[PDB]
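Under the deposited numbering, the letters of the sequence shown match residues 0 to 56, 60 to 179, 187 to 271, in that order. One structure is given below, encoded as structure tokens.
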Amino acid sequence: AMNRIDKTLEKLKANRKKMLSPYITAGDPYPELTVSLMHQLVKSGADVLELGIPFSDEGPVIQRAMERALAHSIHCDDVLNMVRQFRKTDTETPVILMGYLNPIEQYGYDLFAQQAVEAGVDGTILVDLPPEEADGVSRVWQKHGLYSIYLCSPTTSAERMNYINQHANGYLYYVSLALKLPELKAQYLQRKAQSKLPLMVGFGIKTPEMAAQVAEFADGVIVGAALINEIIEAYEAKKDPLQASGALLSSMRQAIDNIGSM
């Protein structure tokens, strides 16, 4: 009874590699491109995919991405269908759905949980679900074997970390909301020492160089918006966003893997 996330994290650990996880919004810039983007990212070195559920509610880059997607009336079922299409040729790469609690609740907690797993979703990141309100979701998610990726920060309380260290599976999403790299490193390592699960840095990764500098000490890096910009700028410039996003992620994949060399 193993989740794709745990299997992937094990192979990474055995290969002495760090996780590289890209985020894109489902349906951005148009629906017919999402699955193609998912494959391209995996091809360019993505270990885990984060797929955003569009919702109107957070940085301006992600906000505009969700607005673009919502113009195509992209909803939960559409996101799940894209995962199914993806799973027709990719059954290995873990897929994480990222989004807000409201669309899932309107869909129905239990109905969404089983549909997500059936579609091939391995876990969720609920950005507006604090641990104090996650009891109900945690129980339903556990029934269908859906992982809950919890967030934590430099200020995450001791009681929260206790709750997180028990109910969280897979990995933790590290956030920290004029921050420089040395200060980040110190704060990250402090939090990592208090976490059972591996701690993935999920902000501020814009370039291959930065990705490599963070991966020096971090368990993994999450690309939060850099790929969104790369895709939409290539699209606006009448260029190919598949090549653009791939080239950016490949550059990060290579920079991360080149750690330890001379």
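Cβ atoms here follow ideal geometry from the backbone N, Cα and C, with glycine treated the same way.
Kindly indicate which three-state DSSP category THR157 falls into: helix, strand or coil? Here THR157 carries a coil assignment [DSSP, helix/strand/coil].
Is the beta carbon of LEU208 sitting closer than 8 Å to the one on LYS201? For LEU208 and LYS201, yes; Cβs fall inside 8 Å.
Where does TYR22 sit, in a helix, a strand or coil, going by DSSP? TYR22 falls in the strand class under three-state DSSP.
Using the beta-carbon count (16 or more within 10 Å), is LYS10 buried or exposed? Exposed: under 16 other Cβ atoms inside 10 Å.
Would you call the CB atoms of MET100 and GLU135 closer than 8 Å? No.
If you count every other CB in all the chains shown that lies within 10 Å of the CB of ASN171, and 16 or more means buried, which is it? Answer is buried; the Cβ neighbour count reaches 16.
Which word fits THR126, buried or exposed, when buried means at least 16 other C-beta atoms lie within 10 angstroms of its C-beta? In the assembly as shown, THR126 is a buried residue. Its beta-carbon has 16 or more other beta-carbons within 10 Å.
DSSP state of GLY138, grouped into three classes? Looking at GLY138 - three-state DSSP - the assignment turns out to be helix.
May I ask which residues mark the beginning and end of the alpha helix (DSSP H) holding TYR109? 103–109 is the span of the alpha helix (DSSP H), which, as asked, contains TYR109.
I'd like the list of long-range same chain contacts for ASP112, defined as Cβ closer than 7 Å, with 5 residues on each side in sequence excluded. Only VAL142 meet the Cβ criterion.
Flag this pair as yes or no: are the beta carbons of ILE76 and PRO105 separated by less than 8 Å? No, the pair does not count as a contact, with Cβ atoms beyond the cut-off.
Measuring straight from C-alpha to C-alpha, what distance separates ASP228 and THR95? Whole-angstrom Cα-Cα distance: 18 Å.
Three-way DSSP call (helix, strand, coil) for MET209 in this model: In this structure, DSSP gives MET209 an extended state, which the three-state scheme calls strand.
Answer yes or no: do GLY26 and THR33 have a C-beta to C-beta separation smaller than 8 Å? In this structure, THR33 lies closer than 8 Å to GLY26 by Cβ.
Extent of the continuous beta strand (DSSP E) to which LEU174 belongs: It spans 174–176 - the beta strand (DSSP E) in which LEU174 sits, taken as one unbroken run.
Determine the extent of the beta strand (DSSP E) in which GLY229 is found, giving its start and end residues. Membership of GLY229 in the beta strand (DSSP E) is indicated by the continuous run 229–232.
In chain order, what residues of the same chain have a beta carbon less than 7 Å from the beta carbon of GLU239, not counting five sequence neighbours either side? Within the same chain, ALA253, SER254, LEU257 come within 7 Å of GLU239 by CB-CB distance, once the 5 residues on both sides are set aside.
C-alpha distance - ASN14 paired with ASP266, whole-angstrom precision: Going by the C-alpha atoms only, they are around 10 Å apart.
Tell me which same chain residues have a C-beta within less than 8 Å of the C-beta of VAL177, skipping the five on either side of it? Cβ neighbours of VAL177 beyond the five flanking positions: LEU153, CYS154, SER155, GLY211, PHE212.
Looking at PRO132: is its Cβ nearer than 8 Å to the Cβ of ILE166? Contact flag unset, no.
Name, in chain order, the residues that DSSP records as bridge partners for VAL47. Note: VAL47 sits in no beta bridge, so no partner.
Assuming contact is defined by CB atoms lying nearer than 8 Å, are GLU225 and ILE268 in contact in what I supplied? Yes, the pair counts as a contact, with Cβ atoms nearer than the cut-off.
First and last residue of the alpha helix (DSSP H) that includes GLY255? Its alpha helix (DSSP H) spans residues 250–266.
Contact set for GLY138: own chain, Cβ-Cβ below 8 Å, skip 5 residues either direction: Annotation for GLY138: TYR111 place their beta carbon closer than 8 Å to its own, counting only its chain and skipping 5 residues before and after.
Identify whether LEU113 lies in helix, strand or coil by the three-state DSSP scheme. Of the three classes helix, strand and coil, the one that applies to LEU113 here is helix, per DSSP.
Look at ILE151 and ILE98 and say whether their C-beta atoms are less than 8 Å apart. For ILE151 and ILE98, yes; Cβs fall inside 8 Å.
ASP56 to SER270 span [Cα, whole Å]: The alpha-carbon atoms of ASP56 and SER270 are separated by roughly 44 Å.
Enumerate in chain order the residues of its own chain whose CB-to-CB distance from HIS169 is below 6 Å, with the five nearest sequence positions on each side excluded. Excluding positions up to five away in sequence, the list reads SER140.
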